[PDB]
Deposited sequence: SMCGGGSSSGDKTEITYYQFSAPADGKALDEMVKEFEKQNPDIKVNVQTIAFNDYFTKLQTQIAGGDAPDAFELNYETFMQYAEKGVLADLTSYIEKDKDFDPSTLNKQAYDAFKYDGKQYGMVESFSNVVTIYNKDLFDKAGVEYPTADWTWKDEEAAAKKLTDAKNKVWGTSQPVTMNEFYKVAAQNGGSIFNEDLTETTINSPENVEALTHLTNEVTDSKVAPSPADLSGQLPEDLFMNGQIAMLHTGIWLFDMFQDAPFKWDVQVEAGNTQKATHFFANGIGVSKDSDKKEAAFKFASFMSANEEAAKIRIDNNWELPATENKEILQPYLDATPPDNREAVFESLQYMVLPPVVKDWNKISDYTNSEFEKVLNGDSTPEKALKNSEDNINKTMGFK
C-alpha cells in the first residue's frame, strides 16, 4: 500500500526542498518522504554513525568527495537494475561530470542531484568607495592581492579578501600554480611540491603577513559569509550555494571567475542521492532519487531558488538562472567550467582533509609555516594510504 521513506541531506537549508517533496508526493501518491537535515559540518560524521548503528536512511545525500568512502564501504545499493528499468530516464541529458561522480567500479551507486562551483563574490559598494576596479576573468593572483590590499581598511574592520585555507580549497589553488595533490593513479602524493608551497604561501600570507584576509581569531564564532553580509569583506571565494543567502545582502555585489597563477583552475562539486544497501524500500527510494535527479518540475524549482544547478543541461531550464539577478554576471558560473578540476577520488578524503586542515590552521595562527604544514601533510597521506 503506502510506503514511507527517510531522506537524510545537507545541501538544502527548506523552501526549495519542501516544494520538491510536495511535487514528488503529488506525482507518487503511494510514497511519503520524511526528510532529516543536518548541517554540512556535522553531516558525514552523523550519517556514518546512523548507518554503522543499523538505522541507515533509505535515501541519503553524498558529495563528490565523500562518495568513494561510502561506495567502497559497501553501504550503497547498486542502481544498475533500477536505472535499466527506469525506461524514460536518459542520463545523456545530464551533466556528464556530475553523473559520473557517483559511479564506482563501472556501476552507478548514486543519482546526481546537483552540481556547483566556486566564484569570487565581490562587494561592489566597497570597490567603488575605494576606487578599485572590479575583478576580471583575466586577473592573476597578483591582481587580486593588490586589490585586496587597497580594499583593506583595518580601523573599520574591513578586509579585502577571504578564502578558505583548507584541503578542499587547496587542491584547486595548487592547480592554479601547476601543482596537484596526487599522481594520476593515486599511488603517490606531491602535495609538498615547491609550486604548492608557493600556492599555500599565497593563501596564508594574506592572513598572517599583508593581513588582507580575516584570521581564525577574527572569524571566531562566525563564518566568512557572515562578515561578508556585514559589509566587512570586499572579495569572498565561495560557492554558488550562497547566492540565495546573499540575495538580501545590503549592498550591490557581483561575481567573477577566480584568478589563477600559472593557469586557471576552478572547483567542480556535485551532490548525489544514494540508496541504502539494507533498505527494504529501495524502489521507492530510487524513485525519489530519480525524481531529484531528472524530474523537470524539480529542476525548475531548483533554478527558481538558485539552489546550485540541476543535473539537466536543457537550455530552456537553465535560462531563468542566467536571467536572474543578483548577481548579474551569471555567465561567470558557466565560464568557470572550462577550467574545472575534479576532486581527488580517494576513500580517505575526509580523514586526510581533517589532518591537513589542522596543519593549515596552525600556519594561520602563527604556530607553523607553509613548508612544515605541507611536509606534515605529505607524511600523513603516505602513512594513511600506504604509499611507497
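Visitor: Could you name the stretches of the deposited sequence that have no C-alpha atoms in this structure?
Guide: In the chain as deposited, 1-10, 24-25 carry no coordinates.
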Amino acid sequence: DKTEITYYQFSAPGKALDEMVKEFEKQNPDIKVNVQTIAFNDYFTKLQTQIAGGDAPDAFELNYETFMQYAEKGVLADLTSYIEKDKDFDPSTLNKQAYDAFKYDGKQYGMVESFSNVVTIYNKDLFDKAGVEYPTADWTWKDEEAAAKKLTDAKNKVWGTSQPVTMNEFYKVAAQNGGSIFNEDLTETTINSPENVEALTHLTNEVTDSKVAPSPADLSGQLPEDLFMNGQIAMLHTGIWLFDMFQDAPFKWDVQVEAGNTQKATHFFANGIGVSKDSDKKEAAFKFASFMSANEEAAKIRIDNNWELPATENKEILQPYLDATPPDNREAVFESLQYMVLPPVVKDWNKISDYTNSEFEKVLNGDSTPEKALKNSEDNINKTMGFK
From here on, numbers count along this sequence of modelled residues.
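Visitor: I need to verify one thing: averaged over C-alpha atoms only, is the B-factor higher for 219-227 or for 109-117?
Guide: Result: 219-227.
Visitor: When the C-alpha temperature factors are averaged for each of 234-242 and 179-187, which stretch ends up with the higher value in the entry?
Guide: The recorded data point to 179-187.
Visitor: Among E308, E206, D86, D143, where is the Cα temperature factor highest, going by the PDB entry?
Guide: When the deposited C-alpha B-factors of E308, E206, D86, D143 are compared, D86 is largest.
Visitor: Highest Cα B-factor in the deposition, which of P214, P194, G131, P164?
Guide: Out of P214, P194, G131, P164, the record gives the largest C-alpha B-factor to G131.
Visitor: Pull the Cα B-factor of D18 out of the PDB entry and bin it into the chain's lowest, middle or highest third.
Guide: For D18, whose C-alpha B-factor we compare with every modelled residue in the chain, the answer is the highest third.
Visitor: Rank-wise, by C-alpha B-factor, drop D78 into the lowest, middle or highest third of its chain.
Guide: Within its chain, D78 is a middle-third residue by C-alpha B-factor, going by the deposited values.
Visitor: Would you mind ranking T312 by its C-alpha B-factor against the rest of the chain and naming the third, lowest, middle or highest?
Guide: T312: CA B-factor falls in the highest third of its chain.
Visitor: Determine, from the deposited record, the chain-internal third of the Cα B-factor for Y43: lowest, middle or highest.
Guide: CA B-factor rank for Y43: highest third.
Visitor: State the tercile, meaning the lowest, middle or highest third, of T152 with respect to the CA B-factors recorded for its chain.
Guide: Answer is lowest: the recorded C-alpha B-factor places it there.
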